[PDB]
Amino acid sequence: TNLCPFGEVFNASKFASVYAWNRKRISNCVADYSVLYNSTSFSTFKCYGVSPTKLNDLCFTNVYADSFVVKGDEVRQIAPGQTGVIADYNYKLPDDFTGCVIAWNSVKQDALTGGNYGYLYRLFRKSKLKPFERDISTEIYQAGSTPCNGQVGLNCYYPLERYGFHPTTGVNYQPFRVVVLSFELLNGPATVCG
Amino acid sequence: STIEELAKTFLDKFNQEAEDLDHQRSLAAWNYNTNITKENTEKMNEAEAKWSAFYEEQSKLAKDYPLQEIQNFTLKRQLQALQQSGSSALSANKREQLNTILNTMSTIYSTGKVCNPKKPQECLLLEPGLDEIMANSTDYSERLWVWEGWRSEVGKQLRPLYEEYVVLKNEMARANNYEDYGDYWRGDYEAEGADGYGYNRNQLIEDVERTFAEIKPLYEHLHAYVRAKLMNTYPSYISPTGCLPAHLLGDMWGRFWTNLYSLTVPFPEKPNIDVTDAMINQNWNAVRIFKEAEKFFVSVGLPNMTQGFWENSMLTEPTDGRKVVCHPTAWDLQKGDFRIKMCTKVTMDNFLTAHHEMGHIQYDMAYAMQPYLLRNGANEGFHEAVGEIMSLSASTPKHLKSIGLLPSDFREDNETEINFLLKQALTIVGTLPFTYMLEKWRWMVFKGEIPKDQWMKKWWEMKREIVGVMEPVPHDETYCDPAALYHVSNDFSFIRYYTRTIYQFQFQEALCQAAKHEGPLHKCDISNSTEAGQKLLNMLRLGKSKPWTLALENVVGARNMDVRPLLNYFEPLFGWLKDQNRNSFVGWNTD
Ligand SMILES: *[C@@H]1O[C@H](CO)[C@@H](O)[C@H](O)[C@H]1NC(C)=O
Ligand SMILES: *[C@@H]1O[C@H](CO)[C@@H](O)[C@H](O)[C@H]1NC(C)=O
Ligand SMILES: *[C@@H]1O[C@H](CO)[C@@H](O)[C@H](O)[C@H]1NC(C)=O
Ligand SMILES: *[C@@H]1O[C@H](CO)[C@@H](O)[C@H](O)[C@H]1NC(C)=O
């Protein structure tokens with residue numbers, strides 16, 4: 001049995017913006033999850049649905065690792081039962097959730113002295129995403145009754161905006177990278193153990 | 001769906017985009033201030049242009065949501081604050097006309113210089129030299145040529161400007177549904193809210209008026225006293241019942257009597273409590289000062305500073321060759337980035353200042369939970385008022401002993417106490433009537449109640465009656481003396497110093513009474529008292545989200561201005577001055 005490539009996801013050089021979060025499926029895998037908890041350079045690490053220690057010698061059937069970059073302030077929304085700007089219109093996790101929320105500060109990498117307006121987030125959406133939905137439509141959001149044909153004007157705004165991280169801002173306004181782990185004992189053949 | 005719901009949505013867009021561009025503008029200005037290069041000026045102006053552009057546009061659109069339809073005062077406050085166009089509501093061409101006027105005035109004041117008659121070659125400039133003359137000189141005639149010289153070269157010159165200015169501004173405020181310009185400035189204090197907590201822009205004049213009625217006694221007695229002591233310096237010139245000559249008040253306008261302290265010290269043998277040397281002996285560092293302040297705020301219940309404030313600021317002159325501006329300021333760069341710039345020096349002054357640039361920083365941090373529009377003090381008074389009481393607590397000798405700048409066995413006695421209280425009164429009490437009277441001449445000019453011709457006359461009539469000052473050389477209507485003041489000719493409202501000064505003492509009284517204080521209000525130190533701290537916070541967090549009347553009644557239990565705490569701070573000096581003037585005349589004869 002060959003190792004999970006957790007390492008190539010967590011230590012990846014570039015992260016997707018929250019609104020188009022990057023999802024990797026993990027299969028055919030042995031991995032050491034007690035390594036990731038052993039590390040503790042992670043500001044946040046709140047595995048829900050199942051204690052983190054137990055799962056290292058339990059095998060699982062699919063594993064989905066979603067990574068993205070979000071504002072420090074907002075990491076509190078990547079958890080069941082949370083409604084915020086991110087969880088509402090960017091990455092909702094369901095209530096009956098069995099997985100992890102690993103996150104760390106990324107200031108030294110994802111921040112620029114002067115500005116790193118590369119990451120983005122979606123501020124308007126007609127309705128809340130259903131769990132794990134992804135949405136990357138750049139369609140001009142029409143809140144008015146008056147429809148906007150392509151022109152953004154009053155009561156018709158563009159839906160995404162730039163985070164713009166800076167090295168000097170406060171923690172809450174600092175760029176944290178995030179990885180969410182989903183498990184799926186529902187399929188016949190399991191394929192991810194430790 | 002409805003107008004308000006759409007309005008919410010608009011705002012959310014705004015707050016979020018605004019916050020980012022304000023971060024960038026402020027960042028640009030901070031690189032300029034701490035690193036003055038032609039390039040960094042270029043970028044500061046570019047970023048400013050972008051910010052101005054953005055704000056104008058968003059304001060136009062914000063008017064598209066009619067205030068009538070919003071039923072959420074916390075939202076309506078944001079809208080109403082965003083909506084008022086001000087200068088943009090005037091038509092275009094008069095905008096460029098006015099702007100050329102205002103820029104021209106400011107350039108005159110800055111380049112204003114008046115030659116010395118005895119040696120015209122050695123002519124002199126205001127801000128570098130003339131302030132020093134007006135602050136140290138003792139010679140009546142020399143001082144005089146400075147007063148009248150400034151007022152003649154500058155006053156005259158600005159007469160035409162200021163009036164067109166009044167016309168363009170009066171018209172502009174009228175465009176905005178404000179009956180005159182002064183009404184537009186009294187807008188700030190207007191506050192609608194839960195019934196009974198609201199405030200009408202008119203009630204400001206009534207409340208400034210009626211509080212000053214309470215203050216006038218104390219002022220009179222300070223006035224008689226200081227006139228008496230001045231008589232001995234200027235025997236030949238001073239009437240023992242007349243108002244004082246304007247130029248003899250330590251500063252070019254007579255705004256602060258602080259520089260008269262040397263001449264009016266009550267007990268000169270007992271010198272005033274200067275812990276500079278003490279600091280210097282313990283080899284204190286600017287940092288050390290700021291840490292001592294921080295520990296103060298923590299002792300009252302308030303968060304320790306952010307590692308960004310402990311990682312980014314300028315707290316000493318750089319001393320690597322890059323020019324900067326010495327003036328101390330507390331910044332909020334809209335994103336959790338608080339910082340202070342201060343060319344600090346090891347003096348008691350800086351120790352007391354830094355406590356209150358930090359009182360700003362701590363206001364900033366308190367209200368940052370609020371949406372970007374509501375992130376400011378409940379009105380123009382509260383910011384500095386709140387960052388002055390810090391330097392009031394830190395000054396007390398009880399505190400100075402507490403932290404080891406004052407030997408444990410310390411003698412605090414009536415003679416030094418009065419010396420101090422009195423210096424306080426020169427600075428604090430001096431400027432109450434000066435200020436109030438100035439802003440009343442401005443208010444009344446704008447309501448057209450002073451016809452053009454009799455500007456100077458009405459002006460000086462008020463300065464004889466209210467401030468008790470003299471107008472040494474007779475000024476006709478060709479002269480224009482109020483424009484000689486920076487705030488007057490650089491288009492700044494001025495009642496903030498009155499209101500702020502009356503607030504700070506209501507605060508310090510509420511907190512002290514809550515820190516279980518025993519005795520004179522003027523020795524109060526709130527340190528180590530978290531009850532007073534949590535109470536202060538409960539108002540600090542509101543920013544502009546609640547009507548400033550409510551922001552106040554939370555701290556001090558009263559919904560309006562009240563001078564009682566001020567009179568109560570100065571009571572020890574009042575009694576002493578009353579008793580000290582029972583054989584002399586108290587009051588001015590307006591002639
Ligand atoms: C990421 O890299 C560091 C340094 O090479 C290593 O210690 C850490 O275990 C790596 N993490 C993973 C998940 O491979
Ligand atoms: C000051 O500004 C110049 C350009 O304006 C820049 O090149 C220089 O590195 C700056 N120095 C510091 C210490 O910020
Ligand atoms: C402030 O003090 C608390 C308690 O000791 C500490 O947890 C916190 O980290 C301190 N502040 C900073 C910015 O380090
Ligand atoms: C606050 O308490 C500390 C510890 O007892 C003490 O050293 C300090 O002097 C106190 N400050 C005041 C103002 O009483």
# chains A, B, ... in the order shown; residues from 1 in each chain; ligands from 1
$ interface_residues --of "chain B" --to "chain A" --cutoff "6 Å" --atoms "only C-alpha atoms" --output "VMD selection string"
chain B and resid 335 to 337
$ write_last_selection --atoms "N, CA and C atoms" --output "compact mmCIF listing (two decimals), in the first residue's frame"
# COMPACT_ATOMS: atom_id res chain seq x y z
N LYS B 335 -7.70 48.15 9.04
CA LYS B 335 -7.68 46.72 8.83
C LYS B 335 -7.02 46.01 9.94
N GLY B 336 -7.08 46.58 11.12
CA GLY B 336 -6.44 45.97 12.26
C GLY B 336 -5.03 46.49 12.43
N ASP B 337 -4.65 47.45 11.61
CA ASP B 337 -3.34 48.00 11.66
C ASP B 337 -3.36 49.31 12.36
$ residues_near_ligand --ligand "ligand 4" --cutoff "8 Å" --atoms "only C-alpha atoms and all ligand atoms" --output "MDAnalysis selection string"
chainID B and resid 299 398:399 401:403 525:528
$ write_last_selection --atoms "N, CA, C and O atoms" --output "JSON list (two decimals), in the first residue's frame"
[["chain", "number", "residue", "atom", "x", "y", "z"],
["B", 299, "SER", "N", -4.18, 47.77, 33.10],
["B", 299, "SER", "CA", -4.66, 47.88, 34.48],
["B", 299, "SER", "C", -6.11, 48.33, 34.56],
["B", 299, "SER", "O", -6.82, 47.93, 35.50],
["B", 398, "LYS", "N", -0.04, 60.81, 42.59],
["B", 398, "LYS", "CA", -0.32, 59.46, 43.06],
["B", 398, "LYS", "C", 0.14, 58.42, 42.04],
["B", 398, "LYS", "O", 0.81, 57.44, 42.38],
["B", 399, "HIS", "N", -0.19, 58.66, 40.78],
["B", 399, "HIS", "CA", 0.24, 57.77, 39.70],
["B", 399, "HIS", "C", 1.75, 57.84, 39.53],
["B", 399, "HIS", "O", 2.41, 56.82, 39.33],
["B", 401, "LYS", "N", 4.00, 58.36, 41.54],
["B", 401, "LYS", "CA", 4.65, 57.61, 42.61],
["B", 401, "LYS", "C", 4.49, 56.12, 42.39],
["B", 401, "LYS", "O", 5.47, 55.37, 42.40],
["B", 402, "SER", "N", 3.24, 55.67, 42.23],
["B", 402, "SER", "CA", 2.89, 54.34, 41.74],
["B", 402, "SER", "C", 3.93, 53.69, 40.83],
["B", 402, "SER", "O", 4.28, 52.53, 41.04],
["B", 403, "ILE", "N", 4.43, 54.39, 39.81],
["B", 403, "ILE", "CA", 5.32, 53.78, 38.83],
["B", 403, "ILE", "C", 6.77, 54.16, 39.02],
["B", 403, "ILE", "O", 7.62, 53.76, 38.23],
["B", 525, "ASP", "N", -6.91, 59.08, 39.85],
["B", 525, "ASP", "CA", -6.14, 58.21, 38.98],
["B", 525, "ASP", "C", -6.91, 56.91, 38.87],
["B", 525, "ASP", "O", -7.13, 56.25, 39.89],
["B", 526, "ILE", "N", -7.32, 56.53, 37.66],
["B", 526, "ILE", "CA", -8.24, 55.40, 37.54],
["B", 526, "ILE", "C", -7.47, 54.09, 37.47],
["B", 526, "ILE", "O", -8.07, 53.04, 37.20],
["B", 527, "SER", "N", -6.15, 54.13, 37.67],
["B", 527, "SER", "CA", -5.33, 52.97, 37.40],
["B", 527, "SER", "C", -5.78, 51.81, 38.28],
["B", 527, "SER", "O", -6.36, 52.02, 39.35],
["B", 528, "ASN", "N", -5.53, 50.59, 37.82],
["B", 528, "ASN", "CA", -5.90, 49.40, 38.58],
["B", 528, "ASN", "C", -7.40, 49.34, 38.84],
["B", 528, "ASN", "O", -7.84, 48.66, 39.75]]
$ select_by_dssp --residues "chain A" --states "helix (DSSP H, G or I)" --output "VMD selection string"
chain A and resid 6 to 10 18 to 20 33 to 39 54 to 57 72 to 77 85 to 89 107 to 110 171 to 173
$ residues_around --residues "stretch 353-360 of chain B" --least-positions-apart "3" --cutoff "7 Å" --atoms "only C-alpha atoms" --output "JSON, numbers by chain"
{"B": [290, 293, 329, 330, 340, 349, 350, 363, 364, 383, 386, 387, 388, 390, 391]}
$ residues_near_ligand --ligand "ligand 3" --cutoff "8 Å" --atoms "only C-alpha atoms and all ligand atoms" --output "count of residues only"
6
$ residues_near_ligand --ligand "ligand 2" --cutoff "6 Å" --atoms "only C-alpha atoms and all ligand atoms" --output "number ranges by chain"
B: 35, 37, 39-40
$ residues_near_ligand --ligand "ligand 1" --cutoff "8 Å" --atoms "only C-alpha atoms and all ligand atoms" --output "PyMOL selection string"
chain A and resi 5-11+35-36+39
$ residues_around --residues "stretch 477-483 of chain B" --least-positions-apart "2" --cutoff "7 Å" --atoms "only C-alpha atoms" --output "PDB file with N, CA, C and O atoms, in the first residue's frame"
ATOM      1  N   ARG B 151      -1.775  91.017  11.448  1.00  0.00           N
ATOM      2  CA  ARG B 151      -3.156  91.322  11.086  1.00  0.00           C
ATOM      3  C   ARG B 151      -3.289  92.250   9.894  1.00  0.00           C
ATOM      4  O   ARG B 151      -4.342  92.245   9.250  1.00  0.00           O
ATOM      5  N   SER B 152      -2.260  93.036   9.585  1.00  0.00           N
ATOM      6  CA  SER B 152      -2.352  93.989   8.488  1.00  0.00           C
ATOM      7  C   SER B 152      -1.962  93.345   7.168  1.00  0.00           C
ATOM      8  O   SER B 152      -2.717  93.412   6.195  1.00  0.00           O
ATOM      9  N   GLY B 155      -4.527  89.984   7.355  1.00  0.00           N
ATOM     10  CA  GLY B 155      -5.947  90.257   7.516  1.00  0.00           C
ATOM     11  C   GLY B 155      -6.578  90.944   6.322  1.00  0.00           C
ATOM     12  O   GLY B 155      -7.513  90.422   5.694  1.00  0.00           O
ATOM     13  N   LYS B 156      -6.048  92.129   6.011  1.00  0.00           N
ATOM     14  CA  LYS B 156      -6.370  92.850   4.788  1.00  0.00           C
ATOM     15  C   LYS B 156      -6.471  91.908   3.600  1.00  0.00           C
ATOM     16  O   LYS B 156      -7.527  91.777   2.972  1.00  0.00           O
ATOM     17  N   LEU B 158      -6.779  88.818   3.142  1.00  0.00           N
ATOM     18  CA  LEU B 158      -7.806  87.790   3.126  1.00  0.00           C
ATOM     19  C   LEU B 158      -9.219  88.338   3.200  1.00  0.00           C
ATOM     20  O   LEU B 158     -10.165  87.557   3.057  1.00  0.00           O
ATOM     21  N   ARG B 159      -9.394  89.638   3.441  1.00  0.00           N
ATOM     22  CA  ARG B 159     -10.757  90.162   3.499  1.00  0.00           C
ATOM     23  C   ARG B 159     -11.576  89.757   2.268  1.00  0.00           C
ATOM     24  O   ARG B 159     -12.600  89.068   2.420  1.00  0.00           O
ATOM     25  N   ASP B 453     -19.911  95.499   6.341  1.00  0.00           N
ATOM     26  CA  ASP B 453     -19.209  96.681   6.856  1.00  0.00           C
ATOM     27  C   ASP B 453     -18.733  96.546   8.287  1.00  0.00           C
ATOM     28  O   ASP B 453     -17.547  96.678   8.596  1.00  0.00           O
ATOM     29  N   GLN B 454     -19.668  96.215   9.158  1.00  0.00           N
ATOM     30  CA  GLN B 454     -19.374  96.060  10.566  1.00  0.00           C
ATOM     31  C   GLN B 454     -18.957  94.647  10.948  1.00  0.00           C
ATOM     32  O   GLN B 454     -19.508  94.049  11.866  1.00  0.00           O
ATOM     33  N   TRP B 455     -17.974  94.107  10.259  1.00  0.00           N
ATOM     34  CA  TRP B 455     -17.545  92.792  10.588  1.00  0.00           C
ATOM     35  C   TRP B 455     -16.661  92.996  11.756  1.00  0.00           C
ATOM     36  O   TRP B 455     -17.017  92.617  12.850  1.00  0.00           O
ATOM     37  N   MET B 456     -15.548  93.678  11.537  1.00  0.00           N
ATOM     38  CA  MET B 456     -14.596  93.973  12.590  1.00  0.00           C
ATOM     39  C   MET B 456     -15.224  94.554  13.838  1.00  0.00           C
ATOM     40  O   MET B 456     -14.905  94.131  14.923  1.00  0.00           O
ATOM     41  N   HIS B 475      -9.383  98.719  14.606  1.00  0.00           N
ATOM     42  CA  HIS B 475      -9.517  98.033  13.331  1.00  0.00           C
ATOM     43  C   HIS B 475     -10.857  98.374  12.706  1.00  0.00           C
ATOM     44  O   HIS B 475     -11.909  98.084  13.285  1.00  0.00           O
ATOM     45  N   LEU B 485      -6.394  83.435  11.964  1.00  0.00           N
ATOM     46  CA  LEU B 485      -6.349  82.159  12.670  1.00  0.00           C
ATOM     47  C   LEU B 485      -6.392  81.035  11.662  1.00  0.00           C
ATOM     48  O   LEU B 485      -7.284  81.006  10.817  1.00  0.00           O
ATOM     49  N   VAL B 488      -9.643  79.430  10.971  1.00  0.00           N
ATOM     50  CA  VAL B 488     -10.620  80.295  10.331  1.00  0.00           C
ATOM     51  C   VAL B 488     -10.369  80.341   8.827  1.00  0.00           C
ATOM     52  O   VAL B 488     -11.289  80.177   8.020  1.00  0.00           O
ATOM     53  N   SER B 489      -9.111  80.539   8.438  1.00  0.00           N
ATOM     54  CA  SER B 489      -8.752  80.690   7.046  1.00  0.00           C
ATOM     55  C   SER B 489      -8.441  79.367   6.378  1.00  0.00           C
ATOM     56  O   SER B 489      -8.310  79.338   5.151  1.00  0.00           O
TER      57      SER B 489
END
$ closest_residue --among "A:127, A:73, A:100, A:146" --to "residue A:45" --atoms "only C-alpha atoms"
A:100
$ closest_residue --among "A:50, A:55, A:185, A:93" --to "residue A:134" --atoms "only C-alpha atoms"
A:93
$ residues_around --residues "residue B:172" --least-positions-apart "3" --cutoff "7 Å" --atoms "only C-alpha atoms" --output "VMD selection string"
chain B and resid 86 to 87 89 to 90 168 to 169 175 to 176
$ write_last_selection --atoms "N, CA, C and O atoms" --output "compact mmCIF listing (two decimals), in the first residue's frame"
# COMPACT_ATOMS: atom_id res chain seq x y z
N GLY B 86 -22.10 67.70 0.17
CA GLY B 86 -21.33 68.86 0.54
C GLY B 86 -20.90 69.60 -0.70
O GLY B 86 -21.74 70.06 -1.49
N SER B 87 -19.59 69.70 -0.89
CA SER B 87 -19.06 70.48 -2.01
C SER B 87 -19.53 69.95 -3.36
O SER B 87 -19.74 70.72 -4.30
N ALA B 89 -22.37 68.92 -4.15
CA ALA B 89 -23.74 69.29 -4.47
C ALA B 89 -23.83 70.68 -5.08
O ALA B 89 -24.81 70.99 -5.77
N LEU B 90 -22.84 71.52 -4.83
CA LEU B 90 -22.71 72.75 -5.58
C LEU B 90 -22.47 72.41 -7.05
O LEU B 90 -21.97 71.34 -7.38
N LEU B 168 -20.10 81.38 -1.39
CA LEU B 168 -20.09 80.04 -1.98
C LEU B 168 -20.46 78.98 -0.96
O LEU B 168 -21.18 78.03 -1.27
N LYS B 169 -20.00 79.13 0.27
CA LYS B 169 -20.33 78.11 1.26
C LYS B 169 -21.78 78.23 1.67
O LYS B 169 -22.49 77.22 1.74
N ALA B 175 -27.80 74.46 -0.82
CA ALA B 175 -28.01 73.36 -1.76
C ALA B 175 -28.26 72.07 -1.00
O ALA B 175 -29.11 71.27 -1.39
N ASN B 176 -27.57 71.88 0.10
CA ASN B 176 -27.68 70.63 0.82
C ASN B 176 -28.90 70.57 1.74
O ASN B 176 -29.02 69.60 2.49
$ residues_around --residues "residue B:565" --least-positions-apart "5" --cutoff "12 Å" --atoms "only C-alpha atoms" --output "PyMOL selection string"
chain B and resi 211+214-215+501-513+520-522+556+558+570-571
$ write_last_selection --atoms "N, CA, C and O atoms" --output "PDB file, in the first residue's frame"
ATOM      1  N   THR B 211     -24.300  76.466  29.017  1.00  0.00           N
ATOM      2  CA  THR B 211     -23.119  76.041  29.758  1.00  0.00           C
ATOM      3  C   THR B 211     -22.171  77.211  29.974  1.00  0.00           C
ATOM      4  O   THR B 211     -21.673  77.414  31.086  1.00  0.00           O
ATOM      5  N   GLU B 214     -22.810  79.175  32.970  1.00  0.00           N
ATOM      6  CA  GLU B 214     -22.328  78.595  34.217  1.00  0.00           C
ATOM      7  C   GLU B 214     -20.836  78.824  34.381  1.00  0.00           C
ATOM      8  O   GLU B 214     -20.340  78.996  35.500  1.00  0.00           O
ATOM      9  N   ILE B 215     -20.103  78.790  33.270  1.00  0.00           N
ATOM     10  CA  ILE B 215     -18.655  78.928  33.313  1.00  0.00           C
ATOM     11  C   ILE B 215     -18.231  80.349  33.584  1.00  0.00           C
ATOM     12  O   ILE B 215     -17.165  80.571  34.152  1.00  0.00           O
ATOM     13  N   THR B 501     -13.634  70.067  25.554  1.00  0.00           N
ATOM     14  CA  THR B 501     -13.203  70.451  26.889  1.00  0.00           C
ATOM     15  C   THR B 501     -14.300  70.217  27.911  1.00  0.00           C
ATOM     16  O   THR B 501     -14.017  69.827  29.041  1.00  0.00           O
ATOM     17  N   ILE B 502     -15.560  70.389  27.538  1.00  0.00           N
ATOM     18  CA  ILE B 502     -16.559  70.138  28.571  1.00  0.00           C
ATOM     19  C   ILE B 502     -16.835  68.662  28.781  1.00  0.00           C
ATOM     20  O   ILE B 502     -17.174  68.252  29.896  1.00  0.00           O
ATOM     21  N   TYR B 503     -16.680  67.847  27.734  1.00  0.00           N
ATOM     22  CA  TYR B 503     -16.858  66.398  27.836  1.00  0.00           C
ATOM     23  C   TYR B 503     -15.829  65.781  28.764  1.00  0.00           C
ATOM     24  O   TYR B 503     -16.190  65.042  29.691  1.00  0.00           O
ATOM     25  N   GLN B 504     -14.537  66.070  28.531  1.00  0.00           N
ATOM     26  CA  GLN B 504     -13.505  65.286  29.201  1.00  0.00           C
ATOM     27  C   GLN B 504     -13.758  65.209  30.693  1.00  0.00           C
ATOM     28  O   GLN B 504     -13.686  64.127  31.284  1.00  0.00           O
ATOM     29  N   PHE B 505     -14.173  66.324  31.293  1.00  0.00           N
ATOM     30  CA  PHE B 505     -14.388  66.378  32.732  1.00  0.00           C
ATOM     31  C   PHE B 505     -15.644  65.645  33.174  1.00  0.00           C
ATOM     32  O   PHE B 505     -15.666  65.079  34.269  1.00  0.00           O
ATOM     33  N   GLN B 506     -16.686  65.616  32.356  1.00  0.00           N
ATOM     34  CA  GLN B 506     -17.814  64.753  32.672  1.00  0.00           C
ATOM     35  C   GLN B 506     -17.385  63.310  32.704  1.00  0.00           C
ATOM     36  O   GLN B 506     -17.855  62.535  33.547  1.00  0.00           O
ATOM     37  N   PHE B 507     -16.535  62.915  31.756  1.00  0.00           N
ATOM     38  CA  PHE B 507     -16.028  61.547  31.733  1.00  0.00           C
ATOM     39  C   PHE B 507     -15.273  61.256  33.014  1.00  0.00           C
ATOM     40  O   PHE B 507     -15.668  60.398  33.816  1.00  0.00           O
ATOM     41  N   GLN B 508     -14.163  61.978  33.183  1.00  0.00           N
ATOM     42  CA  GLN B 508     -13.258  61.726  34.288  1.00  0.00           C
ATOM     43  C   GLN B 508     -14.012  61.740  35.605  1.00  0.00           C
ATOM     44  O   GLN B 508     -13.682  60.980  36.515  1.00  0.00           O
ATOM     45  N   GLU B 509     -15.082  62.537  35.707  1.00  0.00           N
ATOM     46  CA  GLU B 509     -15.887  62.466  36.921  1.00  0.00           C
ATOM     47  C   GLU B 509     -16.685  61.168  37.000  1.00  0.00           C
ATOM     48  O   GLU B 509     -16.792  60.574  38.078  1.00  0.00           O
ATOM     49  N   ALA B 510     -17.257  60.702  35.889  1.00  0.00           N
ATOM     50  CA  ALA B 510     -18.037  59.464  35.960  1.00  0.00           C
ATOM     51  C   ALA B 510     -17.159  58.268  36.303  1.00  0.00           C
ATOM     52  O   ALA B 510     -17.515  57.426  37.142  1.00  0.00           O
ATOM     53  N   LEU B 511     -16.017  58.161  35.631  1.00  0.00           N
ATOM     54  CA  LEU B 511     -15.094  57.069  35.897  1.00  0.00           C
ATOM     55  C   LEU B 511     -14.578  57.127  37.319  1.00  0.00           C
ATOM     56  O   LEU B 511     -14.592  56.121  38.035  1.00  0.00           O
ATOM     57  N   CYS B 512     -14.098  58.293  37.748  1.00  0.00           N
ATOM     58  CA  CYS B 512     -13.557  58.389  39.093  1.00  0.00           C
ATOM     59  C   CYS B 512     -14.610  58.016  40.121  1.00  0.00           C
ATOM     60  O   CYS B 512     -14.402  57.107  40.923  1.00  0.00           O
ATOM     61  N   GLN B 513     -15.782  58.652  40.065  1.00  0.00           N
ATOM     62  CA  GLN B 513     -16.880  58.245  40.940  1.00  0.00           C
ATOM     63  C   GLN B 513     -17.137  56.739  40.875  1.00  0.00           C
ATOM     64  O   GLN B 513     -17.621  56.150  41.849  1.00  0.00           O
ATOM     65  N   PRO B 520     -10.621  65.437  46.143  1.00  0.00           N
ATOM     66  CA  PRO B 520     -10.548  66.258  44.938  1.00  0.00           C
ATOM     67  C   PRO B 520     -10.540  65.444  43.652  1.00  0.00           C
ATOM     68  O   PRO B 520      -9.768  64.489  43.487  1.00  0.00           O
ATOM     69  N   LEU B 521     -11.429  65.831  42.737  1.00  0.00           N
ATOM     70  CA  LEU B 521     -11.406  65.278  41.399  1.00  0.00           C
ATOM     71  C   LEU B 521     -10.057  65.481  40.737  1.00  0.00           C
ATOM     72  O   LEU B 521      -9.697  64.722  39.846  1.00  0.00           O
ATOM     73  N   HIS B 522      -9.284  66.477  41.134  1.00  0.00           N
ATOM     74  CA  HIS B 522      -8.125  66.724  40.290  1.00  0.00           C
ATOM     75  C   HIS B 522      -6.956  65.796  40.602  1.00  0.00           C
ATOM     76  O   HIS B 522      -5.963  65.819  39.871  1.00  0.00           O
ATOM     77  N   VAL B 556     -21.644  58.781  31.835  1.00  0.00           N
ATOM     78  CA  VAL B 556     -21.758  59.776  32.882  1.00  0.00           C
ATOM     79  C   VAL B 556     -23.175  59.928  33.396  1.00  0.00           C
ATOM     80  O   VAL B 556     -23.431  60.816  34.206  1.00  0.00           O
ATOM     81  N   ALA B 558     -25.810  61.164  32.181  1.00  0.00           N
ATOM     82  CA  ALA B 558     -26.516  62.374  31.793  1.00  0.00           C
ATOM     83  C   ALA B 558     -26.411  62.580  30.292  1.00  0.00           C
ATOM     84  O   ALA B 558     -25.341  62.382  29.711  1.00  0.00           O
ATOM     85  N   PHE B 570     -12.000  72.357  38.948  1.00  0.00           N
ATOM     86  CA  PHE B 570     -11.263  73.584  39.238  1.00  0.00           C
ATOM     87  C   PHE B 570     -11.674  74.280  40.530  1.00  0.00           C
ATOM     88  O   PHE B 570     -11.099  75.323  40.855  1.00  0.00           O
ATOM     89  N   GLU B 571     -12.621  73.716  41.278  1.00  0.00           N
ATOM     90  CA  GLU B 571     -13.102  74.297  42.532  1.00  0.00           C
ATOM     91  C   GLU B 571     -11.977  74.784  43.441  1.00  0.00           C
ATOM     92  O   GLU B 571     -11.985  75.968  43.815  1.00  0.00           O
TER      93      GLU B 571
END
$ select_by_dssp --residues "stretch 28-192 of chain A" --states "strand (DSSP E)" --output "PyMOL selection string"
chain A and resi 29-30+44-45+63-71+99-105+120-122+141-142+156-157+160-162+175-183+192
